[PDB]
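Just so it is clear, none of the values below were taken in a lab; they were calculated from the coordinates.
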Amino acid sequence: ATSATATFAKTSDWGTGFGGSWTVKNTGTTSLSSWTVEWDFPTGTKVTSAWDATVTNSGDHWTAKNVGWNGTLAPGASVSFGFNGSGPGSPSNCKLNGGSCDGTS
């Protein structure tokens with residue numbers, strides 16, 4: 001609502017592998033620049049490969065960025081990015097844009 005919102009989704013899991021599908025939507029807020037969605041991966045999990053989004057890691061915390069080098073986007077738009085990780089696929093602590101996430105957590 002009058003801001004940036006995101007939601008978690010499932011792509012496809014093959015036995016032990018799972019396909020993460022995050023949804024990013026920036027509408028309402030002023031002119032944007034880039035979207036950075038990060039979360040905590042307590043349970044045995046790790047993004048082995050990421051597409052359309054550079055997923056990084058740091059100990060027990062993870063983050064996903066795409067325009068972290070240009071940061072040039074409009075105040076209104078919607079984009080999604082998927083990836084493949086080895087584990088359950090049940091991420092938590094959905095915080096993006098410095099602590100922001102609706103319709104999920």
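Each residue of region 77-84 was assigned a 3J(HN,Hα) from its phi angle through the Karplus curve 6.51 cos²θ - 1.76 cosθ + 1.60 (θ = phi - 60°); the sequence is 4, 8, 8, 10, 9, x, 6, 10 Hz, with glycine and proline shown as x.
Across q = 0.12, 0.14, 0.21 Å⁻¹, the chain modelled as identical point scatterers on its alpha-carbon atoms has Debye log10 I(q)/I(0) values of -0.37, -0.51, -1.10, in the order of the q list.
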